[PDB]
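Asker:
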Amino acid sequence: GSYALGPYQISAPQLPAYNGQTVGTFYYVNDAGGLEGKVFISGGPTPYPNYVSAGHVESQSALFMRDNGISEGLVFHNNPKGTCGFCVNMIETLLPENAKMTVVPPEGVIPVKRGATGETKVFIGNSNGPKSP
Amino acid sequence: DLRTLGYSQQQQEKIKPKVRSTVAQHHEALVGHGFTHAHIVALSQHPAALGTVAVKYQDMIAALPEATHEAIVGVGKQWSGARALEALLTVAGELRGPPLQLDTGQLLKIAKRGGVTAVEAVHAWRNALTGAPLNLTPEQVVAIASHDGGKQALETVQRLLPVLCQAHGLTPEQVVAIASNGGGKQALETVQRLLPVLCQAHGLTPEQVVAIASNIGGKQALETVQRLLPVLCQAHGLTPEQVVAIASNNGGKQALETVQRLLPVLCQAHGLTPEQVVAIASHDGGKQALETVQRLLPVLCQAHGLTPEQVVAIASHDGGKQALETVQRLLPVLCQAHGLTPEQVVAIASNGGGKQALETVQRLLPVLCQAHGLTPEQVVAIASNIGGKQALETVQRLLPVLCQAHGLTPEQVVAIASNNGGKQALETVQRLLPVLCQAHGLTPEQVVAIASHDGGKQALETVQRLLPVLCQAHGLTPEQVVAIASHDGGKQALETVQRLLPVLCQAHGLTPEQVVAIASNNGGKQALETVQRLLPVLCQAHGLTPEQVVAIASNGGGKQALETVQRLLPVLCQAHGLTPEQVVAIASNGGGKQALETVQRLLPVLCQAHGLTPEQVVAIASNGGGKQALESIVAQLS
DNA sequence: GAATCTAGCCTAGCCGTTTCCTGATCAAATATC
DNA sequence: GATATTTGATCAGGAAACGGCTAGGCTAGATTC
Ligand SMILES: [Zn+2]
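Order-wise, the sequence lines are chains D and A. So in the authors' numbering, spot 13 of the first sequence is number 1302, and the numbers just go up one at a time. So in the authors' numbering, spot 271 of the second sequence is number 274, and the numbers just go up one at a time.
#1: Comparing the CB of D:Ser1342 with every heavy atom of ligand 1, is any distance shorter than 7 Å?
#2: How is A:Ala32 classed by DSSP in three states: helix, strand or coil?
#3: Which residue wins for smallest C-alpha separation from A:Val438, given the options A:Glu414, A:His409, A:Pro413, A:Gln427?
#4: Examine chain D for any beta-carbon lying closer than 8 Å to the beta-carbon of A:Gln501, and answer yes or no.
#5: When you compare each of A:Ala384, A:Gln441, A:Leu445 to A:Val417 by their alpha carbons, which one comes out closest?
#6: Between A:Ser625 and chain D, is any beta-carbon pair separated by less than 8 Å?
#7: Quick one: list the residues of chain D neighbouring A:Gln585, beta-carbon separation under 9 Å, in chain order.
#8: Assuming contact is defined by CB atoms lying nearer than 8 Å, are A:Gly77 and A:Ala52 in contact in what I supplied?
#9: Could you tell me whether any Cβ in chain D is nearer than 8 Å to the Cβ of A:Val315?
#10: Residues of chain D with CB under 9 Å from A:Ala588, in chain order?
#11: Going by beta-carbon coordinates alone, are D:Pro1419 and D:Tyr1317 separated by less than 8 Å?
#12: Does the beta-carbon of D:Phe1375, which I'm using as the reference point, lie nearer than 7 Å to any heavy atom of ligand 1?
#13: Once the 5 residues before and after A:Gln325 are set aside, which same chain residues still bring their CB inside 7 Å of it?
#14: Beta-carbon of A:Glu516 versus every beta-carbon of chain D: anything under 8 Å?
#15: At a cut-off of 7 Å, is D:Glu1347 close to ligand 1 when judged by its beta-carbon and the heavy atoms of the ligand?
#16: Does any CB atom of chain D fall closer than 8 Å to the CB of residue 645 of chain A?
#17: Indicate, with yes or no, if ligand 1 has a heavy atom lying under 7 Å from the CB of D:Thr1391.
#18: Is any heavy atom of ligand 1 found at a distance shorter than 7 Å from the C-beta of D:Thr1372?
#19: Considering only residues of the same chain and omitting the five flanking positions on each side of A:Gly355, which have a CB-CB separation below 6 Å?
#20: With DSSP as the reference, label D:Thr1391 as helix, strand or coil.
#21: Between A:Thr601 and A:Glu634, is the Cβ-Cβ spacing less than 8 Å?
#22: Give me the chain D residues within the contact set of A:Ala622, using Cβ-Cβ distance strictly less than 7 Å, ordered along the chain.
#23: Could you work out which residues of chain D lie near A:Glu618, taking near to mean beta carbons separated by less than 8 Å?
#24: List the whole-angstrom C-beta distance separating D:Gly1326 from D:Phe1315, where the pair is believed to meet the contact cut-off of C-beta under 8 Å.
#25: List, from N- to C-terminal side, the alpha helix (DSSP H) runs of 4 residues or more that fit wholly inside the segment 263-343 of chain A.
#26: Keeping to the same chain, check which residues put their C-beta closer than 7 Å to that of A:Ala74; ignore five residues upstream and five downstream.
#27: Just tell me which of A:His307, A:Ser285, A:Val315 has its CA closest to the CA of A:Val296.
#28: In angstroms, rounded to a whole number, what distance separates the CA positions of A:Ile219 and A:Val228?
#29: So, A:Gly594 versus A:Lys630, is the Cβ gap smaller than 8 Å?
#30: Whose CA, out of D:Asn1367, D:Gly1407, D:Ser1300, D:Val1328, lies closest to the CA of D:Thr1311?
#31: With the cut-off set at 8 Å, would you say A:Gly54 and A:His29 are in Cβ contact?
#32: According to DSSP, simplified to helix, strand and coil, what is D:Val1328?
#33: Taking 8 Å as the cut-off, decide whether the C-beta atoms of A:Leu191 and A:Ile181 are in contact.
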């Protein structure tokens, strides 16, 4: 339905069909009181090839929350499998300290492999940071 | 009485008794000219030649300045050796001028492989062949005249080229290709008479007739496919393509009769599929392989293991009989003494000339594993290609020199020594490392990477010749050139890039980076030419941006992907309901031919019987292999 | 004898598909004595 | 018992493996003029 982000209320927007490459939308609050959104597409060059998650949708947004020093955000995606078992261990490491993130899978996600999850989670960052490649 | 001269017992037995005295007569002069004893022994099948080389050798050097001893011996050990040399002394003076302008190597090749008759025929008719109405390149004349049976193919070509090329209708080059092989006169005479009968009654294209008539042993395959085709097609159930494939090798007549006589016995008693029989019989010496399989299948599959699939794998390739007979004897010794797993022996023996590789491995394993520090796995890897014996001897000779003079680790030498033609790559690296490492500026690792692929010698020579022009007249960087030349067939990719970069950049709006990306894969030249041909049609008849075409072509096998897309876009888009974006997503993640045909063949039953939307099957086939993920897992488990 | 016509067995070089290997963090988790 | 150590998980993308086809040379036995 709707998820809480500051004073605003954001619902699930429209997302392209799942063709094998995941797409996602990220919402956050600018330093004015407003709402801003950005699109993300899986794959592409990354500065951290040693981390598996750093090329996925729910971790490029995490790194974007660290480059600009943002606190709260919200991401969507369109994969009928959920979050893999790699991101649920590495998103906290990639996230800066005391940073909160929520990832909302599409409705009807049925995990199949080991470690996959099909429910919304809350991620809290820790003090550690990524190792240089 | 030859012991006093310096000949051993083994060399003495080779020389026939009735010629022994002659060898004693001309020994002093022959050794005085710089001939080794083995050369004298070799130049004894033609005794009269021992009287020529000794008597006149200064004139041979004068007329042929670059000739060596080995070439002279090879020319003089044939059926007409003395006469060929004496004719060369009187003909080479005129043959070096117009209109042919031949060199020493071509003269020695034509003499050795054709005789005095061939050299005199070339000398006599050097004006009518080059002139109208023939217009033959000198290389084509040399190729025709360099086979046993010359002076007959040239006359037959001079008589039949216009008639064949006008009435029936053939390209000039096809007649030369037919006449190049041995016994080309009979092949030309037979094809001229039998082309209409095969092309009208039996429904065969002229290209197939040319393909099966361009092998040594013709006039017999053509006369056999004119009689055995209907019986095989109707009684046994083989398509004409399989018959043509069987009959398109040396000794195809024997293969056809053996298949006709042995198909039911193998298909009923030993339990083999017809496709396996055709695969075994579709090579040179097919009948020997078929008979050896029929004899050795029960024994090799009950006392040694070796499931029938492995036996069929060994039975293929040229000389399968020798490989089977060598495996049946050397399996226990190699498995019990040196400690080699049977699948390693099977892998070694499943190549051309596997008998030599097995014998060389057995002889050379202890020395390589106890005097140079190499694991048995590395030796197995070296001897699992075509020509493994030469690679093993070359690496044994050249390991310390490369490891000390140039500072190369043994792993790099092992990597180079593998592949096909590893020996040539090793010698080329040894010769060309200092030249490339100080003048052009390349690092040793880049040279090793270039040489660690099939045809490394050609890539190294082409790089040494083409680096400055590509790096100065076109703006390319040396790293991009190394990337292009790294893969197999680097010479063709580099030449095609040099020839086609300006045209694609100026007439099709493609940046140099896209051209480099296309031509940096296996078979890059085919992708480049296919892109040049198919870009305007695929961007006008159907909506397709150039970036999508580049993405399709920037993969291993992009030519097949482009052709399949151009052929299957309308039917898939209209009769099944898929956006072109989904088609170009399927045809851009490797493969690109199996995946599209698999989707077309499996869409209805998978969408209806199981209940998956076309989006799900498109997603499954998009990322990954596609064919193995659709045929199994989804369409088999469910 | 001279000259030509067939059958097998070996080496290099080139073009298309398919399977394996990395760095990294956290729970359960056979082996474990 | 507490315990140590093996167990997978990609929304990626380069190598490394495993099939298969063309083109060319050399040797030994058979056949025709
Ligand atoms: Zn993930």
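Heads up, the beta-carbon is just placed ideally off N, CA and C, and yes, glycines get one too.
Answerer: If we stick to the structure as given:
#1: Here residue 1342 of chain D corresponds to residue number 53 of the first sequence, with the count starting at 1. Yes - ligand 1 has a heavy atom lying nearer than 7 Å to the Cβ of D:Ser1342.
#2: Locating residue 32 of chain A in the second sequence gives position 29, counting from the first residue. Correct three-state label for A:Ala32: helix.
#3: In the second sequence, the residue the question calls residue 438 of chain A occupies position 435. The shortest C-alpha separation from A:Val438 is found at A:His409.
#4: Numbered from its first residue, the second sequence carries residue 501 of chain A at position 498. So, not an interface residue.
#5: As a position in the second sequence, residue 417 of chain A is number 414, starting the count at 1. For A:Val417, the nearest C-alpha among the options comes from A:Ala384.
#6: Your numbering for residue 625 of chain A matches position 622 in the second sequence. Yes, A:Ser625 lies at the interface with chain D (some Cβ there is under 8 Å from its Cβ).
#7: In the second sequence, counting from the first residue as 1, residue 585 of chain A sits at position 582. Ordered by position in chain D, the residues that pass the 9 Å Cβ test against A:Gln585 are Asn1308.
#8: For the purposes of this step, residue 77 of chain A is taken as residue 74 along the second sequence, with counting starting at 1. For the purposes of this step, residue 52 of chain A is taken as residue 49 along the second sequence, with counting starting at 1. Contact: no.
#9: For the purposes of this step, residue 315 of chain A is identified with residue 312 of the second sequence, where counting begins at 1. So no, A:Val315 is outside the interface.
#10: Here residue 588 of chain A is taken as the residue at index 585 of the second sequence, counted from 1. Chain D residues near A:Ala588: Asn1308, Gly1309, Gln1310.
#11: Along the first sequence, read from residue 1 onward, the residue named residue 1419 of chain D stands at position 130. Along the first sequence, read from residue 1 onward, the residue named residue 1317 of chain D stands at position 28. No; because the gap between Cβ atoms is not below 8 Å, this pair is not in contact.
#12: In the first sequence, the residue the question calls residue 1375 of chain D occupies position 86. Yes.
#13: Your numbering for residue 325 of chain A matches position 322 in the second sequence. If you ignore the 5 residues before and after A:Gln325, its C-beta comes within less than 7 Å of the C-beta of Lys358, all in its own chain and listed in chain order.
#14: Here residue 516 of chain A corresponds to residue number 513 of the second sequence, with the count starting at 1. Not closer than 8 Å to any Cβ of chain D, the Cβ of A:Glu516 fails to qualify, so no.
#15: Position 58 of the first sequence holds residue 1347 of chain D. Yes.
#16: Lying before the first or after the last residue shown, residue 645 of chain A is absent from chain A, which here runs from 4 to 641.
#17: In the first sequence, counting from the first residue as 1, residue 1391 of chain D sits at position 102. No, ligand 1 has no heavy atom inside 7 Å of this Cβ.
#18: As a working mapping, residue 1372 of chain D is identified with position 83 in the first sequence. Yes, ligand 1 has a heavy atom inside 7 Å of this Cβ.
#19: Indexing the second sequence from 1 puts residue 355 of chain A at position 352. Within the same chain, A:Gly355 has close Cβ partners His320, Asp321, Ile389.
#20: What you label residue 1391 of chain D is simply residue 102 of the first sequence in a count that begins at 1. It is a strand residue.
#21: The residue labelled residue 601 of chain A in the question sits at position 598 within the second sequence. The residue labelled residue 634 of chain A in the question sits at position 631 within the second sequence. Contact flag set, yes.
#22: Here residue 622 of chain A is taken as the residue at index 619 of the second sequence, counted from 1. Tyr1307, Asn1308, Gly1309, listed in chain order.
#23: In the second sequence, the residue the question calls residue 618 of chain A occupies position 615. Simply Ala1306, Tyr1307, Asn1308.
#24: Position 37 of the first sequence, counted from the start, is the residue given in the question as residue 1326 of chain D. Position 26 of the first sequence, counted from the start, is the residue given in the question as residue 1315 of chain D. Confirmed, about 6 Å.
#25: 277-284, 289-303, 311-318, 323-339
#26: Locating residue 74 of chain A in the second sequence gives position 71, counting from the first residue. Closer than 7 Å at the Cβ level, and outside the excluded window around A:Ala74, lie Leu111.
#27: On the second sequence, position 293 is the one that residue 296 of chain A refers to. Nearest option by C-alpha distance: A:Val315.
#28: Taking the first residue of the second sequence as 1, we reach residue 219 of chain A at position 216. Taking the first residue of the second sequence as 1, we reach residue 228 of chain A at position 225. Their backbone Cα atoms lie some 16 Å apart in a straight line.
#29: Numbered from 1 along the second sequence, position 591 holds the residue referred to as residue 594 of chain A. Numbered from 1 along the second sequence, position 627 holds the residue referred to as residue 630 of chain A. Yes, the Cβ-Cβ distance between A:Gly594 and A:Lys630 is below 8 Å.
#30: Numbered from its first residue, the first sequence carries residue 1311 of chain D at position 22. Considering only D:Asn1367, D:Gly1407, D:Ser1300, D:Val1328, the residue with the shortest C-alpha distance to D:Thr1311 is D:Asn1367.
#31: Mapped onto the second sequence, residue 54 of chain A falls at position 51. Mapped onto the second sequence, residue 29 of chain A falls at position 26. It is a contact, given that the beta carbons lie within the stated cut-off.
#32: Numbered from its first residue, the first sequence carries residue 1328 of chain D at position 39. If DSSP states are grouped into helix, strand and coil, D:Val1328 belongs with the strands.
#33: What you label residue 191 of chain A is simply residue 188 of the second sequence in a count that begins at 1. What you label residue 181 of chain A is simply residue 178 of the second sequence in a count that begins at 1. Yes; because the gap between Cβ atoms is below 8 Å, this pair is in contact.
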